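Visitor: Have a look at this one before I ask anything.
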Amino acid sequence: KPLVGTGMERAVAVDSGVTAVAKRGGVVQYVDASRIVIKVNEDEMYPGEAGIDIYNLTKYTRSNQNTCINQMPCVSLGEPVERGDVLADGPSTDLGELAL
Amino acid sequence: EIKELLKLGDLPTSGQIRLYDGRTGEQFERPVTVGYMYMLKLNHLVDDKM
Amino acid sequence: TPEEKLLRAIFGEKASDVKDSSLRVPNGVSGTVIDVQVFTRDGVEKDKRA
Amino acid sequence: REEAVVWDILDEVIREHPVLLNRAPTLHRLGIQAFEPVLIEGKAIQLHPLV
Amino acid sequence: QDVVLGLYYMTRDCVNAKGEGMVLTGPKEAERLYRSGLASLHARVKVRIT
Amino acid sequence: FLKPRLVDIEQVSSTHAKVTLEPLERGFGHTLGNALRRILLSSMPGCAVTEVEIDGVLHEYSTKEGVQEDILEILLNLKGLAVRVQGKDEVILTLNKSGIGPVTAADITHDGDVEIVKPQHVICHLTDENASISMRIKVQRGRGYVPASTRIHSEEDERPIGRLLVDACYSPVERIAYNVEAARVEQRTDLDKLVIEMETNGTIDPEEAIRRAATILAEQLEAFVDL
Amino acid sequence: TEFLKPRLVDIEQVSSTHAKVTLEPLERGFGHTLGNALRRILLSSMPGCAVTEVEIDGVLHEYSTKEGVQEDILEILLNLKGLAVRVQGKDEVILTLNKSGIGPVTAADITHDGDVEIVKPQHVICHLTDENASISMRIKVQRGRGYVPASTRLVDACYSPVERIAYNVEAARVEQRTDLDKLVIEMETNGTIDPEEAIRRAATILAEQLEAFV
């Protein structure tokens, strides 16, 4: 994480696709190093199909510069998450901020 | 504000302290500035260029 | 050539009709194999591993 | 095979055998200078500060 | 740069420092005074030199 | 030429302690403290986990289904597990556990020389009711820093594709500091003390360590004594 | 957990006073750990016999000029501070230097005593000019352990044998290892202890303090 910072790093992490942002708010049903399944709140949920949002995380894979791009879950089993929250950090991102 | 945060820190206002050489163990004349700098590793890495 | 022919004669090795193009790890780089993919032309039999 | 014995033979051939060092924007003749090789672990070139 | 800052800090003089005014036979025991921590690097001193 | 000896060794936490050396002559407090700081921080006996063969894992870069820690991170967590042995130079510990919850360092199989100084140290979590992880954790003992890279030279058919190597972390010591305060013995001109405040992961006791330090110290002076 | 030991130790003599010794197989950081611990004790605590208190002929205080010698009182003490001697069965011996006549007054003109050994009889104390000129001084020389300057005391105690000590750590390549270090110890002495003896006795006192943790 940057110890000295600005406050844009939070915004940069989310707007760039490196991270995984919550589609809808709720409580996490399942947390794995592979995937993340979120149980949607009813106010945010559409009437049909009920639903849960399943985020399939990217694992160790080749980048353009031959670096490693790998996602890790930043949330824990059974935790409330609100829409627009960081579910998993990407490479060089820590808890929603940008750590280079 | 930085100096003020340093008062809450227990650390000097100067941002400099005394440092001792790990070899001779003797002191270093004058205080030296020590702190935490964010540092990046760029990829020019020596076992590419070589 | 004559002396290569004598060499094989003493050590009795059959020099193959096929030359080795095998892909080998570049000098100095060392790592762990995390994946393998095999693409094959349509109509050539996919081997065992594939 | 990089057998351990070859390293000592290299110290012999390096000893008295200068090498030429050069930088990217060569201007005057000092852009190339001869040095005596010193075997050094690692992939980086070490260059005398005064130069 | 670094080297010239060393020699500048080396031969320089402050107004009052450890060992000010004493006299030494030669540079050998001058360094011996400094390295042992008795005399400061910069102090006005008469020493016999050749 | 009055010689020193140790004095009250005050334990504070299971981690660190302040050892003290009472009889130091003029300036010798510094001559020792730095020379002792040197050997304390660097060359010391330690036992750090080395070879780890896990359940279904081919390499450190995959993910085992049912655990939210990447295999690479679990290896890294092991590098920070502090243990201590007595009579064995390598012991292989068998770790088994399942069920939703944290898998700590106390869930392993105890051995005669095994003492886990931090049973709460987190190896990884477990995200599913039935998911089971078995691992052979091969811990050996040695000195210094041996990175995983310099270990794959011996190799000699380490064919066990599942045996993932980690970097040897071997060392008890974390932070060593020495302070010399003037110690006044009832009669003497001026004498000094030695306050050595050290810091450790708990795998070595202070008196044992500071002894073996001076041991190696004088042992190198051996040749020096003659020529 | 076996511990690498040194080997090879070529001792290059530089005349009779000083020399550069070398030690090839020193592990990580031990070049400083040794070199510094030895530099410390060499410069500070060592056996020596150095002139301390000097009572002179006519002039008692340092602020004057003695008739018949071209050396100011301050400068003669410095030469005396550099006169190297050794005693045997005495913890203090008071010598007596006498001479007259035009010429140099050297260190062989003193009064020899049973325990007196002058290691530099040629050492110049001061000269002697026109006429006959008279110099007599009772020079009280004592024994101790270190460098005691005249301020804390009357001249500065030189009892150190050693003059200049330097340690250099150069990277030593043992047949198989990354980087190991060497130790080049260039020492300097007044001749009242032999270099090989000193470096022997130096480490001696060092390890002798360890006698409680062995």
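Each chain in the structure tokens gets a letter, A, B, ..., in the order shown, and its residues are numbered from 1; ligands are numbered from 1 in order too.
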Using only C-alpha atoms, which protein or nucleic acid residues come within 12 Å of stretch 5-19 of chain E? Drop anything in the same chain fewer than 4 positions from it, and give the result as number ranges by chain.
Guide: B: 29-30; E: 1, 23-24, 30-31, 33-34, 36-47; G: 149-152
Visitor: Per DSSP on the backbone, filter chain G down to the residues in alpha helix (DSSP H) and report them as a ChimeraX atom specification.
Guide: /G:30-43,73-81,195-209
Visitor: Within 6 Å of chain E, which residues belong to chain G? Use only C-alpha atoms and report them as a list in words.
Guide: residues 78, 163 and 164 of chain G
Visitor: Store the residues of this selection in a file with C-alpha atoms, as a PDB file, in the first residue's frame.
Guide:
ATOM      1  CA  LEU G  78      57.086  16.057  21.591  1.00  0.00           C
ATOM      2  CA  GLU G 163      50.772   4.350  15.947  1.00  0.00           C
ATOM      3  CA  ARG G 164      48.417   3.843  12.991  1.00  0.00           C
TER       4      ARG G 164
END
Visitor: Among the residues of chain B, find those DSSP assigns to strand (DSSP E) from the backbone and print them as a PDB file with C-alpha atoms, in the first residue's frame.
Guide:
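result19.pdb was written with the following content:
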ATOM      1  CA  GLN B  16      16.550  13.573  11.451  1.00  0.00           C
ATOM      2  CA  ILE B  17      17.987  11.274  14.108  1.00  0.00           C
ATOM      3  CA  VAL B  32      20.673  12.207   9.235  1.00  0.00           C
ATOM      4  CA  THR B  33      17.187  12.342   7.758  1.00  0.00           C
TER       5      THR B  33
END
Visitor: Have a look at atom CA of residue F:25 and atom CA of residue F:188 and let me know their distance in Å, one decimal.
Guide: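 According to the coordinates, atom CA of residue F:25 and atom CA of residue F:188 are separated by 9.9 Å.
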Visitor: Show me, as a list in words, every residue of chain B with an atom at most 10 Å from chain D, counting only C-alpha atoms.
Guide: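 So the contacting residues turn out to be residues 45, 46, 47, 48, 49 and 50 of chain B.
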Visitor: Would you list the contacts of stretch 6-13 of chain D as a PDB file with N, CA and C atoms, in the first residue's frame, taking every protein, DNA or RNA residue within 12 Å and counting only C-alpha atoms, but skipping same-chain residues closer than 4 positions in sequence?
Guide:
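Produced file out08.pdb, reproduced below:
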ATOM      1  N   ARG D   1      28.939 -27.115 -19.123  1.00  0.00           N
ATOM      2  CA  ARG D   1      28.507 -27.732 -17.882  1.00  0.00           C
ATOM      3  C   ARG D   1      28.799 -26.823 -16.700  1.00  0.00           C
ATOM      4  N   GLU D   2      29.621 -25.796 -16.924  1.00  0.00           N
ATOM      5  CA  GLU D   2      30.133 -24.896 -15.895  1.00  0.00           C
ATOM      6  C   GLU D   2      30.765 -25.643 -14.722  1.00  0.00           C
ATOM      7  N   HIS D  17      44.686  -9.074 -19.370  1.00  0.00           N
ATOM      8  CA  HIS D  17      44.034  -8.994 -20.676  1.00  0.00           C
ATOM      9  C   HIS D  17      42.986  -7.891 -20.649  1.00  0.00           C
ATOM     10  N   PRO D  18      43.345  -6.666 -21.021  1.00  0.00           N
ATOM     11  CA  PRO D  18      42.419  -5.534 -20.911  1.00  0.00           C
ATOM     12  C   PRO D  18      41.138  -5.757 -21.691  1.00  0.00           C
ATOM     13  N   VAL D  19      40.086  -5.061 -21.265  1.00  0.00           N
ATOM     14  CA  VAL D  19      38.829  -5.005 -21.998  1.00  0.00           C
ATOM     15  C   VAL D  19      38.452  -3.555 -22.270  1.00  0.00           C
ATOM     16  N   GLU D  36      41.209  -3.347 -16.704  1.00  0.00           N
ATOM     17  CA  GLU D  36      41.569  -4.701 -16.313  1.00  0.00           C
ATOM     18  C   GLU D  36      40.347  -5.405 -15.735  1.00  0.00           C
ATOM     19  N   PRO D  37      39.968  -6.571 -16.243  1.00  0.00           N
ATOM     20  CA  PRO D  37      38.758  -7.224 -15.739  1.00  0.00           C
ATOM     21  C   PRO D  37      38.951  -7.752 -14.331  1.00  0.00           C
ATOM     22  N   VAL D  38      37.943  -7.529 -13.497  1.00  0.00           N
ATOM     23  CA  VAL D  38      37.871  -8.098 -12.159  1.00  0.00           C
ATOM     24  C   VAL D  38      36.608  -8.939 -12.089  1.00  0.00           C
ATOM     25  N   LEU D  39      36.769 -10.240 -11.867  1.00  0.00           N
ATOM     26  CA  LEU D  39      35.623 -11.140 -11.861  1.00  0.00           C
ATOM     27  C   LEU D  39      34.665 -10.743 -10.753  1.00  0.00           C
ATOM     28  N   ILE D  40      33.399 -10.543 -11.109  1.00  0.00           N
ATOM     29  CA  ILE D  40      32.412 -10.037 -10.162  1.00  0.00           C
ATOM     30  C   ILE D  40      31.120 -10.824 -10.302  1.00  0.00           C
ATOM     31  N   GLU D  41      30.612 -11.313  -9.176  1.00  0.00           N
ATOM     32  CA  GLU D  41      29.339 -12.011  -9.165  1.00  0.00           C
ATOM     33  C   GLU D  41      28.214 -11.044  -9.500  1.00  0.00           C
TER      34      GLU D  41
ATOM     35  N   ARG G 173      37.392 -14.465  -2.708  1.00  0.00           N
ATOM     36  CA  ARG G 173      36.717 -15.556  -3.401  1.00  0.00           C
ATOM     37  C   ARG G 173      37.305 -16.899  -2.975  1.00  0.00           C
ATOM     38  N   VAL G 174      36.551 -17.612  -2.153  1.00  0.00           N
ATOM     39  CA  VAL G 174      36.797 -19.013  -1.836  1.00  0.00           C
ATOM     40  C   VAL G 174      36.266 -19.847  -2.991  1.00  0.00           C
ATOM     41  N   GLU G 175      36.893 -21.005  -3.221  1.00  0.00           N
ATOM     42  CA  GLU G 175      36.707 -21.735  -4.471  1.00  0.00           C
ATOM     43  C   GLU G 175      35.236 -21.882  -4.836  1.00  0.00           C
ATOM     44  N   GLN G 176      34.376 -22.264  -3.891  1.00  0.00           N
ATOM     45  CA  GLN G 176      32.950 -22.202  -4.193  1.00  0.00           C
ATOM     46  C   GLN G 176      32.277 -21.370  -3.106  1.00  0.00           C
ATOM     47  N   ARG G 177      31.844 -20.156  -3.449  1.00  0.00           N
ATOM     48  CA  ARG G 177      30.947 -19.302  -2.669  1.00  0.00           C
ATOM     49  C   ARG G 177      30.737 -17.993  -3.415  1.00  0.00           C
TER      50      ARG G 177
END
Visitor: Quick one: residues within 12 Å of stretch 26-28 of chain B, only C-alpha atoms counted, chain neighbours fewer than 3 positions away excluded, as a PyMOL selection string?
Guide: (chain B and resi 17-23+31-32) or (chain E and resi 35-37) or (chain F and resi 27+29-35+178-179) or (chain G and resi 36-37+40)
Visitor: Excluding residue D:23 and any residue of its chain fewer than 6 positions from it, enumerate the residues within 10 Å of it, using only C-alpha atoms, and give them as JSON, numbers by chain.
Guide: {"D": [30, 31, 32, 33]}
Visitor: Just to be explicit: take each residue in the selection above, keep N, CA and C atoms, and write the result as a compact mmCIF listing (two decimals), in the first residue's frame.
Guide:
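Listing of part-v1.txt after writing:
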# COMPACT_ATOMS: atom_id res chain seq x y z
N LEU D 30 37.83 9.74 -24.80
CA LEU D 30 37.63 9.14 -23.49
C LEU D 30 36.33 8.37 -23.41
N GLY D 31 35.51 8.40 -24.46
CA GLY D 31 34.30 7.61 -24.50
C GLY D 31 34.57 6.13 -24.53
N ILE D 32 35.79 5.73 -24.87
CA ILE D 32 36.25 4.35 -24.78
C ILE D 32 37.54 4.34 -23.99
N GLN D 33 37.61 3.48 -22.98
CA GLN D 33 38.78 3.37 -22.13
C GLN D 33 39.00 1.90 -21.78
Visitor: Return as a PDB file with C-alpha atoms, in the first residue's frame the residues belonging to chain C that are within 12 Å of chain B, counting only C-alpha atoms.
Guide:
ATOM      1  CA  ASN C  27      20.229 -19.771 -21.484  1.00  0.00           C
ATOM      2  CA  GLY C  28      19.981 -18.519 -17.908  1.00  0.00           C
ATOM      3  CA  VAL C  29      16.189 -18.234 -17.471  1.00  0.00           C
ATOM      4  CA  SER C  30      14.704 -20.646 -14.942  1.00  0.00           C
TER       5      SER C  30
END
Visitor: Kindly determine which residues of chain G lie within 12 Å of chain B, considering only C-alpha atoms, and give the answer as a ChimeraX atom specification.
Guide: /G:29-40,167-169
Visitor: Restricting it to C-alpha atoms, dump the selection as a PDB file, in the first residue's frame.
Guide:
ATOM      1  CA  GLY G  29      30.714  -9.548   7.538  1.00  0.00           C
ATOM      2  CA  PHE G  30      33.468 -11.144   9.613  1.00  0.00           C
ATOM      3  CA  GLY G  31      36.130  -8.928   8.015  1.00  0.00           C
ATOM      4  CA  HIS G  32      34.683  -5.914   9.821  1.00  0.00           C
ATOM      5  CA  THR G  33      33.718  -7.852  12.935  1.00  0.00           C
ATOM      6  CA  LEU G  34      37.363  -8.811  13.342  1.00  0.00           C
ATOM      7  CA  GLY G  35      39.088  -5.801  11.800  1.00  0.00           C
ATOM      8  CA  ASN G  36      37.060  -3.313  13.838  1.00  0.00           C
ATOM      9  CA  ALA G  37      37.222  -5.200  17.130  1.00  0.00           C
ATOM     10  CA  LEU G  38      41.006  -5.369  16.732  1.00  0.00           C
ATOM     11  CA  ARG G  39      41.441  -1.748  15.645  1.00  0.00           C
ATOM     12  CA  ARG G  40      39.588  -0.665  18.782  1.00  0.00           C
ATOM     13  CA  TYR G 167      41.800  -2.622   8.426  1.00  0.00           C
ATOM     14  CA  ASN G 168      40.538  -3.167   4.890  1.00  0.00           C
ATOM     15  CA  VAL G 169      37.825  -5.612   3.889  1.00  0.00           C
TER      16      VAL G 169
END
Visitor: Given only C-alpha atoms as the basis, pick out the residue of A:98, A:57, A:40, A:4 nearest to residue A:28.
Guide: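 Nearest candidate to residue A:28 out of A:98, A:57, A:40, A:4: A:40.
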Visitor: For residue G:28, find every residue with an atom within 10 Å (counting only C-alpha atoms), except residues of its own chain fewer than 6 positions away, and show them as an MDAnalysis selection string.
Guide: (chainID F and resid 42:43 144) or (chainID G and resid 171 178:182)
Visitor: Those same residues, written as a compact mmCIF listing (two decimals), in the first residue's frame with C-alpha atoms?
Guide:
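Below is the file that was written, selection20.txt:
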# COMPACT_ATOMS: atom_id res chain seq x y z
CA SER F 42 23.83 -12.68 11.22
CA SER F 43 25.19 -16.18 11.92
CA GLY F 144 22.00 -17.96 7.18
CA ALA G 171 36.04 -9.39 -1.31
CA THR G 178 29.21 -16.07 -3.70
CA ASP G 179 31.18 -13.45 -1.74
CA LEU G 180 33.45 -13.93 1.27
CA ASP G 181 35.78 -11.29 2.65
CA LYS G 182 39.46 -10.81 3.28
Visitor: Pick out the chain C residues within 9 Å of chain F. Count only C-alpha atoms. Give them as a PDB file with C-alpha atoms, in the first residue's frame.
Guide:
ATOM      1  CA  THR C  32       8.219 -23.483 -13.228  1.00  0.00           C
ATOM      2  CA  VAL C  33       5.862 -24.670 -15.973  1.00  0.00           C
ATOM      3  CA  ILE C  34       2.363 -23.399 -15.168  1.00  0.00           C
TER       4      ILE C  34
END
Visitor: What does the distance between atom CA of residue G:125 and atom CA of residue G:75 come to in Å, to one decimal place?
Guide: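 Taking atom CA of residue G:125 as the start and atom CA of residue G:75 as the end point, the length is 9.5 Å.
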Visitor: May I have the residues within 8 Å of residue F:18 as number ranges by chain, using only C-alpha atoms and disregarding those fewer than 2 positions away in the same chain?
Guide: F: 9-12, 16, 20, 195-198
Visitor: Would you kindly report the residues of chain G within 10 Å of chain F, using only C-alpha atoms, as a count of residues only?
Guide: 50
